[PDB]
Amino acid sequence: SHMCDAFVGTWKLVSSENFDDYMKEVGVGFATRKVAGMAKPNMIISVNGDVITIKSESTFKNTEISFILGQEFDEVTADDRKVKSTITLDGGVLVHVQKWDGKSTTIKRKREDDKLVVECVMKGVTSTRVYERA
Ligand SMILES: Oc1c(Cl)cc(C(O)(C(F)(F)F)C(F)(F)F)cc1Cl
């Protein structure tokens, strides 16, 4: 048993709050915000050795990242930002920082009861997205 066991699996979005405002703060344009805000993604998390894979799949976009904790990688986001990403575990929370154009946003994933809670923060704007097991 190990580092991310309680995150592994297939998760489905069940609620969102403040996501349009988060996307605005990040710089996402109108049409992408509308279509992305409608999305109901599945988040699929797996681990093989030290490599964690996170897939996000919806009618809007299918994306996938694989990474080792603490080890930076280049990522193209679903909104076509080219970012430098680092994901770490901080007291049981997966913390994903994305850097681009002198900006930064942080996405935190936490297990809470039977949910996986995702908090997306850009400056003073936070969005909370709740996922349940599929
Ligand atoms: O699945 C998704 C993933 Cl991985 C990422 C996004 C975004 O890139 C966000 F919010 F992260 F900035 C954006 F901009 F399109 F909204 C949205 C969905 Cl729905």
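Basis of the calculations
- Residues numbered from 1 in each chain as written, not as in the entry; some residues may be left out.
- Heavy atoms only, no water.
- UniProt positions renumbered as here; feature names shortened; annotations may be inferred.
- Helix = DSSP H or I, 4+ residues; strand = E, 2+ residues; numbered from the N terminus.
- Pairing = 2+ DSSP bridges.
- Axes fitted to C-alpha atoms, helices over the stretch in contact; angles between N-to-C directions.
- Contact = heavy atoms within 4.5 Å.
- Salt bridge = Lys/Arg side-chain N within 4 Å of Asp/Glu carboxyl O.
- Left-handed = near helix turned anticlockwise from the far one by under 90°.
- Nonpolar A, V, L, I, M, F, W, Y, C, P; charged D, E, K, R; others polar.
- Core = buried A, V, L, I, M, F, W, Y, C linked by side-chain atoms within 4.5 Å.
- Buried < 20%, exposed > 50% of the residue type's maximum accessible area, 1.4 Å probe, protein only.
- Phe/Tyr/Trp six-rings, centres within 6.5 Å; stacked < 30°, edge-to-face > 60°.

Turning our attention to the UniProt feature "short sequence motif: Nuclear localization signal" in the protein chain. Feature annotation in UniProt places "short sequence motif: Nuclear localization signal" on residues 24–34, given in this structure's numbering. Helix and strand shares over residues 24–34 are 73% and 0% respectively, and the end C-alpha atoms of the span are 11 Å apart.

Alignment of strand β2 (residues 42–48) against strand β3 (residues 51–57), held across seven bridges, turns out to be antiparallel. Residue pairing across strands places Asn48 opposite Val51, the latter belonging to β3. Hairpin connection, β3 to strand β4 (residues 62–67): the antiparallel pair is bridged by four residues.

All right, on to the sheet that holds strand β6 (residues 82–90) then. In space, the 10 strands of this open sheet follow the order β4-β3-β2-β1-β10-β9-β8-β7-β6-β5, with antiparallel pairing throughout. Every interior strand has two partners, whereas the edge strands, β4 and β5 (73–76), have only one. Adjacent strand axes in the sheet meet at a mean angle of 25°, parallel and antiparallel pairs treated alike. Here strand β7 (residues 93–100) pairs with strand β8 (residues 103–112) via seven bridges, running antiparallel. Directly across from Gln98, in β8, lies its bridge partner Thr105. Against the sheet, helix α1 (residues 19–26) touches β1 (9–17), β7, β8, β9 (115–122) and β10 (125–133), its axis set at about 130° to β10.

The next subject is the pattern of salt bridges. Taken as a whole, this structure holds eight salt bridges when the rule is applied. As a salt-bridge pair, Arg111 and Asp114 come within 3.9 Å of each other at their nearest N and O atoms. Linked by salt bridges that have partners in common, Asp20, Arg33 and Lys34 make up one network.

This paragraph deals with the packing of α1 against helix α2 (residues 30–38). Contact pair α1 / α2: the axes reach a minimum separation of 10 Å and the direction vectors enclose 145°. Handedness of the α1/α2 crossing: right-handed. Here α1 contributes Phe19, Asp20, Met23 and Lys24 to the contact with α2, which in turn contributes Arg33, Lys34, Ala36 and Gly37. Residues of the contact of α1 with α2, tallied by class, amount to three nonpolar, one polar and four charged.

Once that is clear, we can look at the nonpolar core. The tendency in soluble globular proteins is for nonpolar side chains to be buried side by side. Membership of the largest hydrophobic core comes to 30 residues, with the highest contact counts inside it found for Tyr22, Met43, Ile45 and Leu116. Other than its neighbours up to four places away in sequence, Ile45 contacts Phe7, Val8, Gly9, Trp11, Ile52, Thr53, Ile54 and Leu116.

A few words on the packing of aromatic side chains. Using the criterion set out here, one finds two aromatic pairs in the structure. Ring centres of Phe19 and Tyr22 lie 6.2 Å apart, and the angle between their planes is 15°; on these two criteria the pair is classed as stacked. With a gap of three residues between them, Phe19 and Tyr22 both fall in helix α1, about one helical turn apart. The residues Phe19 and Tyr22 share a single accessibility class, namely buried. Aromatic pair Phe67 and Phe73: ring centres 5.7 Å apart, planes at 15°, arrangement stacked. In terms of burial, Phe67 and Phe73 fall into one category: buried.

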